[PDB]
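Quick note on the authors' numbering: the sequence shown kicks off at 3 and runs consecutively.
All C-beta atoms, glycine included, are put in the ideal place defined by N, C-alpha and C.
What follows is a short report on a single structure.
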Amino acid sequence: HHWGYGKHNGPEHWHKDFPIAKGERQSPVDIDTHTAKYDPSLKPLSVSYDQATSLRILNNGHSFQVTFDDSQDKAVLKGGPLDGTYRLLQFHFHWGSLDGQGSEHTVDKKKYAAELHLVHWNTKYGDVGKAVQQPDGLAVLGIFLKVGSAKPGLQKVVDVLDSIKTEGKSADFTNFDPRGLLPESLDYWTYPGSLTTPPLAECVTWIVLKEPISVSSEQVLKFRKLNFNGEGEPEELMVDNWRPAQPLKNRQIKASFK
Ligand SMILES: [N]S(=O)(=O)[C][C][C][C][C][C]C123[B@]45[B@@]67[B@@]89[C@]1%10B81%11B698B746B814B562B%10%1143
Ligand SMILES: [Zn+2]
């Protein structure tokens, strides 16, 4: 049992191969908006994506991901709760079988239809493998998706998903601008946590934006046509690829806004 999201290999099984699943700083979590403290010392987040170079889009058996050139400081996250500079490696999504679930973080127990993660790693550690071994190695920018109006900036992604239906498939995905996926406000919540997929490493500063983006029903329906399986294996829709909320334990969620 390679891990997944089903009855026999899903999140409640992960601790057997990855014991840190039951650790002290696991993600995602419920963001209780009334308990999160406004921290007037938190800086605005700096998102510098003007020089981003997308490379490929890939179905990895658990999500689909757009990968970027992280060999230079072209698309970087700085400021906010972070020290130093974090390079964009990839983005991917988590989504549901229906619109009432799909997000990993929840807000006062509310689930969104999907959640976008933009994954960045701290350049002081030189590469992402080294960064995942450090408590401040990664910064993941989390954006909620609700269903309503279409997101134009998402359409270029949606339109190539038919070409990466099954696990292992990839395609050229150049000149994609991730600025088109961002909401107006960069107000955020932040807390120390983990990767939400194996190996569940406790290396992430989470930055979760308050404002969701709206996507259309037709856009999310295309997510739901992807397959967890490889080509030629029984077809199993890539849906509900989200880890549930984990215990907060001894952590404080801080808000950038009043
Ligand atoms: N859902 S989420 O946003 O929390 C997920 C972020 C996963 C980022 C990739 C980290 C990795 B995985 B293990 B070690 C590092 B080296 B090897 B494989 B390579 B990938 B890279
Ligand atoms: Zn993720």
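Whether residue i touches residue j by CB criterion (7 Å)
| i | j | result |
| --- | --- | --- |
| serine 196 | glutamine 28 | yes |
| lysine 126 | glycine 86 | yes |
| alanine 247 | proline 30 | yes |
| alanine 23 | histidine 15 | no |
| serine 56 | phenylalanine 146 | no |
| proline 185 | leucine 211 | yes |
| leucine 163 | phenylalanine 20 | no |
| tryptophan 244 | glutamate 106 | yes |
| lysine 76 | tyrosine 114 | no |
| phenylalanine 93 | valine 134 | no |
| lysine 260 | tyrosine 51 | no |
| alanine 152 | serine 218 | yes |
Residue interval of the alpha helix (DSSP H) (run including residue i)
| i | result |
| --- | --- |
| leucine 84 | Element bounds for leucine 84: n/a, residue is neither H nor E. |
| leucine 223 | 219-225 |
| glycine 131 | 130-133 |
| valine 159 | 157-160 |
Residue interval of the beta strand (DSSP E) (run including residue i)
| i | result |
| --- | --- |
| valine 49 | 47-50 |
| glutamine 67 | 66-70 |
| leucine 202 | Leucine 202 -> no beta strand (DSSP E), and no H or E assigned at all. |
| residue 2 | Lying outside 3 to 260, the shown extent of the chain, residue 2 is not represented and no answer is given. |
| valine 31 | Looking at the DSSP string, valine 31 is not in any beta strand (DSSP E), and its letter there is neither H nor E. |
| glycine 195 | 190-195 |
| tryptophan 123 | 116-124 |
| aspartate 164 | Taken as a continuous stretch (DSSP letters only), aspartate 164 belongs to no beta strand (DSSP E), as it is neither H nor E. |
| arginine 58 | 56-61 |
| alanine 173 | 172-174 |
For residue j and residue i, believed in contact at Cβ under 8 Å, the rounded distance
| i | j | result |
| --- | --- | --- |
| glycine 82 | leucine 47 | 4 Å |
| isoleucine 209 | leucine 143 | 5 Å |
| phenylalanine 225 | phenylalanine 95 | 7 Å |
| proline 249 | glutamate 204 | Wrong, their Cβ atoms sit about 13 Å apart, outside the cutoff. |
| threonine 199 | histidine 64 | 6 Å |
Selected residue, minimal CA-CA separation from residue i, among the options
| i | options | result |
| --- | --- | --- |
| residue 348 | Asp19, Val109, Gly98 and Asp75 | Only positions 3 to 260 of the chain appear in the structure, and residue 348 is not among them; the question remains open. |
| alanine 116 | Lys251, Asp242 and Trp16 | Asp242 |
| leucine 60 | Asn229, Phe259, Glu235 and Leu250 | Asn229 |
| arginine 58 | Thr207, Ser187, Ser165 and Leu202 | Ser165 |
| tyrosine 88 | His96, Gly232 and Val78 | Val78 |
| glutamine 53 | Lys132, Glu235, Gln157 and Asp71 | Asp71 |
| residue 269 | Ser218, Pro249 and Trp191 | With the chain running from 3 to 260 in the structure shown, residue 269 is simply not present. |
| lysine 251 | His4, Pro21, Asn11 and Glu26 | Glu26 |
| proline 236 | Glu169, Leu118 and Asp41 | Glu169 |
| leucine 91 | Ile33, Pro137 and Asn124 | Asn124 |
| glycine 234 | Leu100, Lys167 and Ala152 | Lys167 |
| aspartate 101 | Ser73, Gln254, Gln221 and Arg253 | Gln221 |
| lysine 45 | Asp189, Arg253, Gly150 and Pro154 | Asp189 |
| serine 99 | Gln254, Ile255, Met240 and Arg253 | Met240 |
| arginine 253 | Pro194, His122 and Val206 | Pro194 |
Those residues, in chain order, that have a beta-carbon closer than 6 Å to some heavy atom of ligand 1: The set of residues whose C-beta lies within less than 6 Å of a heavy atom of ligand 1 reads, in chain order, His119, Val121, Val130, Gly131, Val134, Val142, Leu197, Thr198, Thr199 and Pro201.
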